[PDB]
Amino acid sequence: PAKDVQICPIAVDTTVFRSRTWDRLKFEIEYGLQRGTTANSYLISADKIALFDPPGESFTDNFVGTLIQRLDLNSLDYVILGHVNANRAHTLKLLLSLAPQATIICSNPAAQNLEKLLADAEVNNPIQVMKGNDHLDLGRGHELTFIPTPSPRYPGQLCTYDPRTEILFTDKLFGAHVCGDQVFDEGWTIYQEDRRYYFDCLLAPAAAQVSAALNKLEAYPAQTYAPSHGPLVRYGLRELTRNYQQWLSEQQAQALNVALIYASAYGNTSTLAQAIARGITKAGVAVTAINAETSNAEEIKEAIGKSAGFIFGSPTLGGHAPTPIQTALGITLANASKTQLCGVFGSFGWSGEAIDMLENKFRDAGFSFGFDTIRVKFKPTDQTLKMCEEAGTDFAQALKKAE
């Protein structure tokens, strides 16, 4: 059917707003099972009123339209962000015009990102940054605790625990891209494929960071996970968590590993990276995704230190690679043995010099390539993604053959 907003009370003072779509939201590998999705927003209305995670651009208008019918937006005290991107920032522009009094609650990386993304918006709501073990009291026992859970794709990711309701707001962790009528997750098997596919696409290339996150989240006695996507996780909570533990262990235990180092200004090269990673992991080879824009030098040395191959993905910005890709290249060249398999991909518009530069440097430095250098003009399509996944598989097979 058409996009809607499903509203449901879920705990004391707590309501979920699920923006639902039965169609494919984006051309991203994670939407591949084509079972639709939801973007979940949450409202805690106590002595103070907090809204978690307004949905992105496809959902902006239905969401604001629905929300104003339920809430006087001038009474909104807080907008809490589990993560930040241009997609979400679009909704925030409208929402914060209507709720000029509200304070933004988010992680420090999310904050810098938001400040960038809203540089030319007129909105100037204040931001309160939260780090681990910070609190925010909404009254009536809802003393929230914050838990940064960063990953290469979501550097600003922030989880939130509400002890009054025993809900852990988990943002991108523990979700599933599936649109259904059930607000809650009764039944294990119907969601099992979606949950594993979600893990495989989003989390497997960030296994060390995701393990670290789950380690922190164990300290909170959650009875429910309230994720960005899919049903709320109540009936499948323990089972899903044990499966995560097992899947993470599998990932970090595979004999071969690929360092996939990328950057992306508008998301295109990132979309390609996800696809290539999935082709690699589905072939039984681990991926350590590195977002060069947010990573540090020791991160890269470490990744290159344990990898059997490395792959660079880069956009072209004024005819050059982004600065973080240039510096990552140096660390890589300074540390990688010439026996590592090499790959190059990227998206571009008018020109793709960054790709050419990287291919040349790696060839000159005597590396063997595991797939033909990938060049995508502007926005990736379904076909593009499948080709990239197949390249990742190809890369993986080439590594396995080498032992």
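Just count from 1 along the sequence shown to find any residue number.
The stretch with the higher mean CA B factor, choosing between 20-28 and 7-15, is 20-28. With 121-129 and 280-288 compared on mean CA B-factor from the PDB entry, the stretch scoring higher is 121-129. Between the residues 167, 86, 253, 240, the entry's highest C-alpha temperature factor is the one at 253. Residue-level temperature factors show residue 336 in the middle third of its chain, judged at the C-alpha atom. In the deposited entry, the Cα temperature factor of residue 97 sits in the top third of values across the chain's modelled residues. Annotation for residue 365: C-alpha temperature factor in the highest third relative to the rest of the modelled chain, per the entry. Among all modelled residues in its chain, residue 318 ranks in the highest third by Cα B-factor. Residue 206: CA B factor lies in the lowest third for its chain, per the PDB record.
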